[PDB]
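As stored in start03.cif (mmCIF, C-alpha atoms and all ligand atoms):
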```
data_upload
loop_
_atom_site.label_atom_id
_atom_site.label_comp_id
_atom_site.auth_asym_id
_atom_site.auth_seq_id
_atom_site.Cartn_x
_atom_site.Cartn_y
_atom_site.Cartn_z
CA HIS A 4 -53.46 23.70 -6.00
CA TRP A 5 -54.72 25.67 -8.98
CA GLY A 6 -58.44 25.68 -9.69
CA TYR A 7 -61.32 27.94 -10.71
CA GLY A 8 -62.14 29.62 -7.39
CA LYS A 9 -61.55 33.20 -6.29
CA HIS A 10 -58.31 32.30 -4.54
CA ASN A 11 -56.83 29.79 -7.00
CA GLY A 12 -58.47 30.65 -10.33
CA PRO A 13 -57.23 31.97 -13.70
CA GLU A 14 -56.01 35.30 -12.24
CA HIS A 15 -53.63 33.40 -9.95
CA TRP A 16 -52.23 30.82 -12.35
CA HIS A 17 -49.34 32.97 -13.60
CA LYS A 18 -47.59 32.81 -10.22
CA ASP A 19 -46.94 29.08 -10.59
CA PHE A 20 -47.11 28.98 -14.39
CA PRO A 21 -45.55 32.18 -15.76
CA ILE A 22 -46.32 31.08 -19.34
CA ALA A 23 -49.90 32.14 -18.43
CA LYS A 24 -48.82 35.56 -19.73
CA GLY A 25 -47.09 34.13 -22.80
CA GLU A 26 -47.32 34.89 -26.49
CA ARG A 27 -49.73 32.18 -27.64
CA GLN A 28 -52.16 31.55 -24.78
CA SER A 29 -55.65 30.05 -25.12
CA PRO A 30 -58.57 30.48 -25.22
CA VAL A 31 -59.16 33.61 -27.31
CA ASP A 32 -62.10 35.57 -28.62
CA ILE A 33 -62.77 34.70 -32.25
CA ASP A 34 -63.59 37.96 -33.99
CA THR A 35 -65.44 36.60 -37.03
CA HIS A 36 -65.01 39.74 -39.09
CA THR A 37 -61.22 39.85 -38.54
CA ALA A 38 -60.58 36.13 -39.10
CA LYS A 39 -59.33 35.60 -42.62
CA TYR A 40 -60.42 32.95 -45.05
CA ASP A 41 -57.45 30.83 -46.06
CA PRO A 42 -58.24 29.04 -49.34
CA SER A 43 -55.18 26.82 -48.90
CA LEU A 44 -56.62 25.25 -45.72
CA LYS A 45 -57.47 21.62 -46.43
CA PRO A 46 -60.68 20.01 -45.20
CA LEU A 47 -60.47 18.39 -41.80
CA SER A 48 -60.10 14.63 -41.79
CA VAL A 49 -61.76 13.15 -38.71
CA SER A 50 -61.25 9.38 -38.67
CA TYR A 51 -62.98 8.01 -35.60
CA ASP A 52 -64.47 4.76 -36.93
CA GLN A 53 -61.95 2.61 -35.01
CA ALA A 54 -62.04 4.69 -31.83
CA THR A 55 -61.57 2.66 -28.66
CA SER A 56 -62.84 4.45 -25.55
CA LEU A 57 -61.66 2.98 -22.24
CA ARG A 58 -62.60 4.95 -19.17
CA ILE A 59 -64.15 8.11 -17.83
CA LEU A 60 -62.37 9.98 -15.02
CA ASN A 61 -63.26 12.90 -12.73
CA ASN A 62 -59.86 14.59 -12.33
CA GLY A 63 -61.09 17.42 -10.08
CA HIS A 64 -61.10 19.97 -12.94
CA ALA A 65 -63.39 18.31 -15.49
CA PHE A 66 -64.15 14.74 -16.56
CA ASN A 67 -62.12 12.99 -19.26
CA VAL A 68 -63.27 10.22 -21.55
CA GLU A 69 -60.01 8.42 -22.33
CA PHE A 70 -59.10 6.45 -25.45
CA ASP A 71 -56.60 3.81 -26.50
CA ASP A 72 -53.91 5.90 -28.21
CA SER A 73 -51.33 3.12 -28.54
CA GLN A 74 -52.28 2.67 -32.22
CA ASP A 75 -53.74 4.83 -34.98
CA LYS A 76 -57.39 4.14 -34.12
CA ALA A 77 -59.00 7.56 -33.90
CA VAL A 78 -57.04 10.23 -35.68
CA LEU A 79 -57.26 13.80 -36.82
CA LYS A 80 -55.53 14.88 -40.03
CA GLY A 81 -55.73 17.59 -42.66
CA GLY A 82 -56.96 21.10 -42.03
CA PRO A 83 -53.97 23.16 -40.89
CA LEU A 84 -52.17 20.03 -39.72
CA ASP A 85 -49.13 18.27 -41.06
CA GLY A 86 -49.08 14.62 -40.03
CA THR A 87 -51.25 12.42 -37.88
CA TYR A 88 -52.74 13.28 -34.52
CA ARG A 89 -54.13 10.57 -32.22
CA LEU A 90 -57.19 11.08 -30.03
CA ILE A 91 -56.23 10.57 -26.38
CA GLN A 92 -59.20 12.06 -24.49
CA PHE A 93 -62.11 14.45 -24.63
CA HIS A 94 -63.60 16.63 -21.94
CA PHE A 95 -65.81 19.69 -21.53
CA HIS A 96 -65.78 23.11 -19.87
CA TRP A 97 -69.13 24.50 -18.72
CA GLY A 98 -70.86 27.17 -16.71
CA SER A 99 -73.13 27.57 -13.72
CA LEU A 100 -75.61 29.34 -16.07
CA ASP A 101 -76.56 28.70 -19.70
CA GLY A 102 -75.03 32.04 -20.76
CA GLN A 103 -71.46 31.13 -19.82
CA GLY A 104 -69.18 28.13 -19.87
CA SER A 105 -67.23 28.14 -23.13
CA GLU A 106 -63.55 29.03 -23.18
CA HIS A 107 -63.40 30.38 -26.72
CA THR A 108 -65.91 33.07 -27.52
CA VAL A 109 -67.29 34.17 -30.87
CA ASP A 110 -67.65 37.95 -31.29
CA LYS A 111 -67.55 37.97 -27.47
CA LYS A 112 -70.49 35.53 -27.27
CA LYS A 113 -70.17 32.79 -24.66
CA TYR A 114 -71.70 29.36 -25.18
CA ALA A 115 -73.05 27.12 -22.39
CA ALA A 116 -70.13 24.72 -22.73
CA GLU A 117 -67.23 23.70 -24.94
CA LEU A 118 -66.08 20.22 -25.93
CA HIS A 119 -62.35 19.57 -26.37
CA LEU A 120 -61.21 16.51 -28.33
CA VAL A 121 -57.51 16.29 -27.55
CA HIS A 122 -55.06 14.76 -30.04
CA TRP A 123 -51.26 14.42 -30.08
CA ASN A 124 -48.82 14.38 -32.98
CA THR A 125 -47.60 10.82 -33.49
CA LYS A 127 -44.15 11.92 -34.65
CA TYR A 128 -43.40 12.67 -30.98
CA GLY A 129 -44.12 9.13 -29.78
CA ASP A 130 -46.18 9.88 -26.66
CA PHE A 131 -48.37 12.61 -25.19
CA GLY A 132 -45.79 13.69 -22.62
CA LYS A 133 -43.24 14.38 -25.34
CA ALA A 134 -45.84 16.03 -27.58
CA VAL A 135 -46.81 18.71 -25.06
CA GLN A 136 -43.19 19.94 -25.12
CA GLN A 137 -43.46 20.79 -28.84
CA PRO A 138 -45.02 23.81 -30.57
CA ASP A 139 -46.93 21.47 -32.91
CA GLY A 140 -47.46 18.68 -30.39
CA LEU A 141 -51.23 18.78 -29.95
CA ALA A 142 -54.33 19.45 -31.99
CA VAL A 143 -57.47 20.18 -30.01
CA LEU A 144 -60.80 20.14 -31.79
CA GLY A 145 -63.15 22.53 -30.00
CA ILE A 146 -66.92 22.36 -30.36
CA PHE A 147 -69.39 24.79 -28.82
CA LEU A 148 -72.47 23.60 -26.93
CA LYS A 149 -75.68 25.61 -26.82
CA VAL A 150 -78.77 24.66 -24.83
CA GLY A 151 -81.78 23.56 -26.88
CA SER A 152 -82.57 20.07 -28.16
CA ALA A 153 -80.86 17.05 -26.59
CA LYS A 154 -77.74 15.59 -28.21
CA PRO A 155 -78.49 11.86 -28.37
CA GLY A 156 -74.82 10.94 -28.73
CA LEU A 157 -74.04 12.72 -25.46
CA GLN A 158 -76.53 10.82 -23.32
CA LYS A 159 -74.27 7.83 -22.53
CA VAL A 160 -71.79 10.32 -21.07
CA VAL A 161 -74.51 12.02 -19.03
CA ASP A 162 -75.75 8.62 -17.79
CA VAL A 163 -72.43 7.63 -16.20
CA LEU A 164 -71.69 10.91 -14.38
CA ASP A 165 -73.41 9.65 -11.21
CA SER A 166 -70.65 7.06 -10.90
CA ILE A 167 -67.82 9.63 -11.03
CA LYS A 168 -69.27 12.41 -8.90
CA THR A 169 -66.08 13.27 -7.05
CA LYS A 170 -62.40 13.87 -7.77
CA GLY A 171 -60.44 10.68 -8.40
CA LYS A 172 -63.41 8.51 -9.33
CA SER A 173 -63.33 6.60 -12.61
CA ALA A 174 -65.60 4.14 -14.41
CA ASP A 175 -65.34 1.80 -17.36
CA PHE A 176 -66.47 3.58 -20.49
CA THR A 177 -65.88 1.27 -23.42
CA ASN A 178 -67.55 1.27 -26.83
CA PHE A 179 -68.38 4.97 -26.89
CA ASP A 180 -68.54 6.55 -30.35
CA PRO A 181 -67.26 10.15 -30.27
CA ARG A 182 -68.67 10.74 -33.77
CA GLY A 183 -72.02 11.24 -32.03
CA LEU A 184 -70.69 14.49 -30.54
CA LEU A 185 -69.94 16.24 -33.85
CA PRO A 186 -72.07 18.85 -35.66
CA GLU A 187 -72.94 18.45 -39.35
CA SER A 188 -70.37 20.88 -40.70
CA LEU A 189 -66.61 20.69 -40.21
CA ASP A 190 -66.09 24.37 -41.10
CA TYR A 191 -63.55 25.75 -38.64
CA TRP A 192 -61.32 28.51 -37.34
CA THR A 193 -57.71 27.75 -36.48
CA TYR A 194 -54.87 29.46 -34.61
CA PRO A 195 -51.74 28.51 -32.60
CA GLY A 196 -52.36 28.40 -28.87
CA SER A 197 -51.95 26.58 -25.59
CA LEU A 198 -53.47 24.24 -23.07
CA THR A 199 -56.23 26.21 -21.33
CA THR A 200 -55.36 24.79 -17.89
CA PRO A 201 -52.04 24.59 -16.09
CA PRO A 202 -49.37 23.86 -17.16
CA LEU A 203 -50.66 26.12 -20.02
CA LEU A 204 -48.03 24.75 -22.42
CA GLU A 205 -47.90 26.44 -25.81
CA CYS A 206 -48.20 23.22 -27.80
CA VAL A 207 -51.68 23.32 -29.33
CA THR A 208 -52.98 23.89 -32.83
CA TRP A 209 -56.56 24.94 -32.06
CA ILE A 210 -59.29 23.92 -34.49
CA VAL A 211 -62.63 25.40 -33.42
CA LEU A 212 -65.75 24.35 -35.30
CA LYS A 213 -68.10 27.07 -36.48
CA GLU A 214 -71.27 25.02 -35.93
CA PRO A 215 -72.26 24.43 -32.31
CA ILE A 216 -74.03 21.29 -31.16
CA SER A 217 -77.26 21.53 -29.18
CA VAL A 218 -77.64 19.81 -25.82
CA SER A 219 -80.68 19.82 -23.56
CA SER A 220 -81.03 21.77 -20.32
CA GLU A 221 -81.23 18.39 -18.53
CA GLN A 222 -77.95 17.22 -20.05
CA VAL A 223 -76.00 20.31 -18.98
CA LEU A 224 -77.75 20.28 -15.57
CA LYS A 225 -76.20 16.88 -14.96
CA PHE A 226 -72.71 18.26 -15.74
CA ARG A 227 -73.34 20.79 -12.98
CA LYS A 228 -74.03 18.09 -10.36
CA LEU A 229 -70.43 16.91 -10.53
CA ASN A 230 -68.00 17.85 -7.73
CA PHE A 231 -64.56 19.45 -7.78
CA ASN A 232 -63.89 17.89 -4.38
CA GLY A 233 -63.03 14.34 -3.37
CA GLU A 234 -65.48 12.04 -1.60
CA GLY A 235 -65.94 12.98 2.05
CA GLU A 236 -64.73 16.54 1.46
CA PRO A 237 -66.97 19.64 1.55
CA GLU A 238 -69.08 19.70 -1.60
CA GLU A 239 -68.06 22.17 -4.29
CA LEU A 240 -70.09 21.91 -7.49
CA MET A 241 -68.03 21.47 -10.62
CA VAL A 242 -69.23 24.55 -12.53
CA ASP A 243 -67.49 27.46 -14.27
CA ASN A 244 -64.38 25.41 -15.01
CA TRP A 245 -63.45 27.68 -17.92
CA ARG A 246 -60.55 30.07 -18.51
CA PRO A 247 -61.59 33.44 -19.97
CA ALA A 248 -60.36 34.73 -23.33
CA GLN A 249 -56.68 35.71 -23.40
CA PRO A 250 -54.95 38.43 -25.47
CA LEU A 251 -54.53 37.46 -29.12
CA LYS A 252 -51.16 39.23 -29.34
CA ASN A 253 -49.22 38.45 -32.51
CA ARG A 254 -51.61 35.91 -34.00
CA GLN A 255 -54.08 35.70 -36.86
CA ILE A 256 -57.11 33.44 -36.73
CA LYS A 257 -57.72 31.70 -40.05
CA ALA A 258 -61.07 30.47 -41.34
CA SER A 259 -61.63 27.40 -43.52
CA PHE A 260 -64.79 28.94 -44.94
CA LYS A 261 -65.96 32.16 -46.58
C1 LIG B 301 -55.50 10.01 -20.60
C2 LIG B 301 -55.86 11.50 -20.58
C3 LIG B 301 -54.61 12.33 -20.22
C4 LIG B 301 -54.76 13.76 -20.76
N1 LIG B 301 -53.66 14.55 -20.29
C5 LIG B 301 -53.84 15.92 -20.75
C6 LIG B 301 -53.45 16.90 -19.62
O1 LIG B 301 -52.73 16.47 -18.73
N2 LIG B 301 -53.88 18.27 -19.54
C7 LIG B 301 -54.70 19.03 -20.40
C8 LIG B 301 -54.95 20.36 -20.04
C9 LIG B 301 -55.75 21.15 -20.84
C10 LIG B 301 -56.30 20.64 -22.02
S1 LIG B 301 -57.33 21.66 -23.05
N3 LIG B 301 -58.45 22.33 -22.06
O2 LIG B 301 -56.52 22.65 -23.69
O3 LIG B 301 -57.93 20.83 -24.05
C11 LIG B 301 -56.07 19.31 -22.39
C12 LIG B 301 -55.27 18.53 -21.58
NA NA B 302 -85.16 22.32 -21.83
ZN ZN B 303 -60.22 21.78 -22.38
#
```

Final structure tokens representation of the file:
Amino acid sequence: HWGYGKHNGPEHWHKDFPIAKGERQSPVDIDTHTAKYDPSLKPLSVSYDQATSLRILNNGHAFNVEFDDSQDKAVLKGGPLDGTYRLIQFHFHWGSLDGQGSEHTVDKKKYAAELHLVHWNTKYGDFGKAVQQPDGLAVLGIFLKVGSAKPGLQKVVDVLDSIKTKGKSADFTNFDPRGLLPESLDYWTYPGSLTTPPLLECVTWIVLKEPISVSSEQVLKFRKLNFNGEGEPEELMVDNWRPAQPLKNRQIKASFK
């Protein structure tokens, strides 16, 4: 029964998920002056040309665009990663206001939203096994700021009416996630966790430096979604972000000078 409200939100999660107070929790604030350039970091390899999207689902916490991950079709390699990570889903976190919504922050700055492209390490065979491993997942995080529309996001925005409430899904085939990327693949990286329960410490975070711009109308449509199921009292799906957690014994590395 965890959520983002006053009585079940991030401050409560530790009671059911004690790892909430663990040693490599996410998100974190990215202090740009303290992050260190690592010249040995390889360029990211984002190979999404064969991506096969299947479905979009309102799961009561966010909406997920799901992919066929039963073959190497859309994969993330390189950067800090060893091996091949398959794209399984992407989703967003966003705010009730344009000045909040991202999970990671940059010099304490909050963006309007944050995109998470979730990948799992193929050496572990399936996603469920991968989340039990310290190098099981790689999540590519991309900040959203409000300005010009993102044309590649509009197909997502268009379908949200059909998945307004928790448990609703819709076909969502032939979507190209490459349309959600910024120009640059410069990034920060650090070892972290899932940012929602079960908060498993299985994620290599790769956070892009360059935000994408989305329009006020696009993010407004995110905010019309519901946390609740159909026929239940309406609770707008907004502010579904976890705040920055203590960095503890971690260094954030930068791919760029
Ligand atoms: C088919 C889709 C199943 C996905 N299953 C993933 C899942 O159960 N939970 C989950 C929680 C948080 C993140 S985050 N916010 O760190 O990226 C990503 C995934
Ligand atoms: Na506008
Ligand atoms: Zn997320």

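In terms of minimum interatomic distance to residue 155 of chain A, A:218 ranks closest within A:143, A:135, A:218, A:118, counting all atoms listed in the file.
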
When distances are computed from all atoms listed in the file, which of A:199, A:103, A:230, A:29 shows the smallest separation from residue 249 of chain A?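 For residue 249 of chain A, the nearest of the candidates is A:29.
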
Padded axis-aligned box of ligand LIG 301 (chain B) (4 Å per side), centre and edge lengths, Å, one decimal, as lines of an AutoDock Vina configuration file:
```
center_x = -55.6
center_y = 16.3
center_z = -21.4
size_x = 13.7
size_y = 20.6
size_z = 13.3
```

Which residues of chain A sit at most 9 Å from ligand ZN 303 (chain B), using all atoms listed in the file? Give each one's shortest atom pair and distance in Å (one decimal place), in chain and ascending residue order, as a tab-separated table.
```
residue	atom	partner	partner_atom	distance
A:65	CA	B:ZN303	ZN	8.3
A:93	CA	B:ZN303	ZN	7.9
A:94	CA	B:ZN303	ZN	6.2
A:95	CA	B:ZN303	ZN	6.0
A:96	CA	B:ZN303	ZN	6.2
A:106	CA	B:ZN303	ZN	8.0
A:117	CA	B:ZN303	ZN	7.7
A:118	CA	B:ZN303	ZN	7.0
A:119	CA	B:ZN303	ZN	5.0
A:120	CA	B:ZN303	ZN	8.0
A:121	CA	B:ZN303	ZN	8.0
A:143	CA	B:ZN303	ZN	8.3
A:145	CA	B:ZN303	ZN	8.2
A:198	CA	B:ZN303	ZN	7.2
A:199	CA	B:ZN303	ZN	6.1
A:200	CA	B:ZN303	ZN	7.3
A:245	CA	B:ZN303	ZN	8.1
```

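Distance check against ligand NA 302 (chain B) using all atoms listed in the file: of A:258, A:240, A:60, A:223, the minimum falls on A:223.
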
Could you give me the residues within 8 Å of ligand NA 302 (chain B), counting all atoms listed in the file, as a list in words? residues 150, 151, 152, 219, 220 and 221 of chain A

Report, in Å with one decimal, the straight-line distance from atom CA of residue 22 of chain A to atom CA of residue 205 of chain A.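 Separating atom CA of residue 22 of chain A from atom CA of residue 205 of chain A is a distance of 8.1 Å.
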
Write out as an MDAnalysis selection string which residues come within 12 Å of residue 59 of chain A when counting only C-alpha atoms, dropping same-chain ones fewer than 4 positions away. chainID A and resid 65:70 91:94 159:168 170:179

Keeping only C-alpha atoms, write the selected residues as an mmCIF file, in the frame of the given file.
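result_22.cif, freshly written:
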```cif
data_model
loop_
_atom_site.group_PDB
_atom_site.id
_atom_site.type_symbol
_atom_site.label_atom_id
_atom_site.label_comp_id
_atom_site.auth_asym_id
_atom_site.auth_seq_id
_atom_site.Cartn_x
_atom_site.Cartn_y
_atom_site.Cartn_z
ATOM 1 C CA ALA A 65 -63.390 18.310 -15.490
ATOM 2 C CA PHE A 66 -64.150 14.740 -16.560
ATOM 3 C CA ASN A 67 -62.120 12.990 -19.260
ATOM 4 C CA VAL A 68 -63.270 10.220 -21.550
ATOM 5 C CA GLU A 69 -60.010 8.420 -22.330
ATOM 6 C CA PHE A 70 -59.100 6.450 -25.450
ATOM 7 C CA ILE A 91 -56.230 10.570 -26.380
ATOM 8 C CA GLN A 92 -59.200 12.060 -24.490
ATOM 9 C CA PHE A 93 -62.110 14.450 -24.630
ATOM 10 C CA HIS A 94 -63.600 16.630 -21.940
ATOM 11 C CA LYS A 159 -74.270 7.830 -22.530
ATOM 12 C CA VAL A 160 -71.790 10.320 -21.070
ATOM 13 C CA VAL A 161 -74.510 12.020 -19.030
ATOM 14 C CA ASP A 162 -75.750 8.620 -17.790
ATOM 15 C CA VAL A 163 -72.430 7.630 -16.200
ATOM 16 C CA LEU A 164 -71.690 10.910 -14.380
ATOM 17 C CA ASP A 165 -73.410 9.650 -11.210
ATOM 18 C CA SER A 166 -70.650 7.060 -10.900
ATOM 19 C CA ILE A 167 -67.820 9.630 -11.030
ATOM 20 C CA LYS A 168 -69.270 12.410 -8.900
ATOM 21 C CA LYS A 170 -62.400 13.870 -7.770
ATOM 22 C CA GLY A 171 -60.440 10.680 -8.400
ATOM 23 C CA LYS A 172 -63.410 8.510 -9.330
ATOM 24 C CA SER A 173 -63.330 6.600 -12.610
ATOM 25 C CA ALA A 174 -65.600 4.140 -14.410
ATOM 26 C CA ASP A 175 -65.340 1.800 -17.360
ATOM 27 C CA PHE A 176 -66.470 3.580 -20.490
ATOM 28 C CA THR A 177 -65.880 1.270 -23.420
ATOM 29 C CA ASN A 178 -67.550 1.270 -26.830
ATOM 30 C CA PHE A 179 -68.380 4.970 -26.890
#
```

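Between atom CA of residue 79 of chain A and atom CA of residue 50 of chain A lies a distance of 6.2 Å.
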
d(atom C2 of ligand LIG 301 (chain B), atom CA of residue 238 of chain A) in Å: 24.5 Å

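Minimum atom-to-atom distance to residue 113 of chain A, evaluated using all atoms listed in the file, belongs to A:32 out of A:260, A:190, A:231, A:32.
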
Around (-75.7, 26.8, -27.5), as given in the file, which residues come within 8 Å? Count all atoms listed in the file and list them as number ranges by chain. A: 114-116, 147-151, 215-218

Using C-alpha atoms, can you write the selected residues to a file as a short mmCIF file (atom, residue, chain, number, x, y, z; two decimals), in the coordinates of the input?
```cif
data_model
loop_
_atom_site.label_atom_id
_atom_site.label_comp_id
_atom_site.auth_asym_id
_atom_site.auth_seq_id
_atom_site.Cartn_x
_atom_site.Cartn_y
_atom_site.Cartn_z
CA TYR A 114 -71.70 29.36 -25.18
CA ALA A 115 -73.05 27.12 -22.39
CA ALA A 116 -70.13 24.72 -22.73
CA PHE A 147 -69.39 24.79 -28.82
CA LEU A 148 -72.47 23.60 -26.93
CA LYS A 149 -75.68 25.61 -26.82
CA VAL A 150 -78.77 24.66 -24.83
CA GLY A 151 -81.78 23.56 -26.88
CA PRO A 215 -72.26 24.43 -32.31
CA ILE A 216 -74.03 21.29 -31.16
CA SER A 217 -77.26 21.53 -29.18
CA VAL A 218 -77.64 19.81 -25.82
#
```

So, with only C-alpha atoms and all ligand atoms as the atoms that count, which of A:30, A:46, A:156, A:63 lies closest to ligand LIG 301 (chain B)?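 Using only C-alpha atoms and all ligand atoms, the shortest distance to ligand LIG 301 (chain B) belongs to A:30.
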
All residues 8 Å or closer to residue 188 of chain A, only C-alpha atoms, same chain fewer than 6 positions away omitted, as a PyMOL selection string: chain A and resi 212-214

May I have the residues from that selection written out with C-alpha atoms, as a PDB file, in the frame of the given file?
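Contents of result_5.pdb, as written:
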```pdb
ATOM      1  CA  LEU A 212     -65.750  24.350 -35.300  1.00  0.00           C
ATOM      2  CA  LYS A 213     -68.100  27.070 -36.480  1.00  0.00           C
ATOM      3  CA  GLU A 214     -71.270  25.020 -35.930  1.00  0.00           C
TER       4      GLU A 214
END
```

Can you work out which one of A:76, A:64, A:225, A:24 has the shortest atom-to-atom distance to ligand LIG 301 (chain B), counting all atoms listed in the file?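 The closest residue to ligand LIG 301 (chain B) is A:64.
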
Please, could N, CA, C and O atoms be added to segment 6-17 of chain A and the result written as a PDB file, keeping the file's coordinate frame?
```pdb
ATOM      1  N   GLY A   6     -57.067  26.065  -9.439  1.00  0.00           N
ATOM      2  CA  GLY A   6     -58.440  25.680  -9.690  1.00  0.00           C
ATOM      3  C   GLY A   6     -59.178  26.802 -10.394  1.00  0.00           C
ATOM      4  O   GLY A   6     -58.586  27.523 -11.209  1.00  0.00           O
ATOM      5  N   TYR A   7     -60.462  26.949 -10.068  1.00  0.00           N
ATOM      6  CA  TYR A   7     -61.320  27.940 -10.710  1.00  0.00           C
ATOM      7  C   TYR A   7     -62.005  28.850  -9.683  1.00  0.00           C
ATOM      8  O   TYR A   7     -62.915  29.600 -10.023  1.00  0.00           O
ATOM      9  N   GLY A   8     -61.569  28.783  -8.432  1.00  0.00           N
ATOM     10  CA  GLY A   8     -62.140  29.620  -7.390  1.00  0.00           C
ATOM     11  C   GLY A   8     -61.504  30.990  -7.319  1.00  0.00           C
ATOM     12  O   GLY A   8     -60.537  31.283  -8.026  1.00  0.00           O
ATOM     13  N   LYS A   9     -62.037  31.834  -6.444  1.00  0.00           N
ATOM     14  CA  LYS A   9     -61.550  33.200  -6.290  1.00  0.00           C
ATOM     15  C   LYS A   9     -60.081  33.238  -5.879  1.00  0.00           C
ATOM     16  O   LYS A   9     -59.334  34.137  -6.271  1.00  0.00           O
ATOM     17  N   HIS A  10     -59.657  32.255  -5.096  1.00  0.00           N
ATOM     18  CA  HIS A  10     -58.310  32.300  -4.540  1.00  0.00           C
ATOM     19  C   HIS A  10     -57.298  31.426  -5.275  1.00  0.00           C
ATOM     20  O   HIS A  10     -56.105  31.498  -4.989  1.00  0.00           O
ATOM     21  N   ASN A  11     -57.753  30.627  -6.234  1.00  0.00           N
ATOM     22  CA  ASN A  11     -56.830  29.790  -7.000  1.00  0.00           C
ATOM     23  C   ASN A  11     -57.134  29.752  -8.498  1.00  0.00           C
ATOM     24  O   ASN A  11     -56.594  28.912  -9.215  1.00  0.00           O
ATOM     25  N   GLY A  12     -57.991  30.660  -8.962  1.00  0.00           N
ATOM     26  CA  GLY A  12     -58.470  30.650 -10.330  1.00  0.00           C
ATOM     27  C   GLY A  12     -57.529  31.281 -11.340  1.00  0.00           C
ATOM     28  O   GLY A  12     -56.381  31.594 -11.024  1.00  0.00           O
ATOM     29  N   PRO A  13     -58.028  31.486 -12.565  1.00  0.00           N
ATOM     30  CA  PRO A  13     -57.230  31.970 -13.700  1.00  0.00           C
ATOM     31  C   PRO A  13     -56.366  33.202 -13.411  1.00  0.00           C
ATOM     32  O   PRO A  13     -55.288  33.303 -13.996  1.00  0.00           O
ATOM     33  N   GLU A  14     -56.795  34.095 -12.524  1.00  0.00           N
ATOM     34  CA  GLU A  14     -56.010  35.300 -12.240  1.00  0.00           C
ATOM     35  C   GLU A  14     -54.768  34.990 -11.418  1.00  0.00           C
ATOM     36  O   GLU A  14     -53.866  35.826 -11.305  1.00  0.00           O
ATOM     37  N   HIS A  15     -54.737  33.802 -10.821  1.00  0.00           N
ATOM     38  CA  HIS A  15     -53.630  33.400  -9.950  1.00  0.00           C
ATOM     39  C   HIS A  15     -52.620  32.515 -10.652  1.00  0.00           C
ATOM     40  O   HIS A  15     -51.502  32.356 -10.163  1.00  0.00           O
ATOM     41  N   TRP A  16     -53.021  31.905 -11.765  1.00  0.00           N
ATOM     42  CA  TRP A  16     -52.230  30.820 -12.350  1.00  0.00           C
ATOM     43  C   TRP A  16     -50.812  31.242 -12.726  1.00  0.00           C
ATOM     44  O   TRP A  16     -49.882  30.438 -12.639  1.00  0.00           O
ATOM     45  N   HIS A  17     -50.641  32.500 -13.125  1.00  0.00           N
ATOM     46  CA  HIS A  17     -49.340  32.970 -13.600  1.00  0.00           C
ATOM     47  C   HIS A  17     -48.237  32.875 -12.545  1.00  0.00           C
ATOM     48  O   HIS A  17     -47.059  32.818 -12.890  1.00  0.00           O
TER      49      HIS A  17
END
```
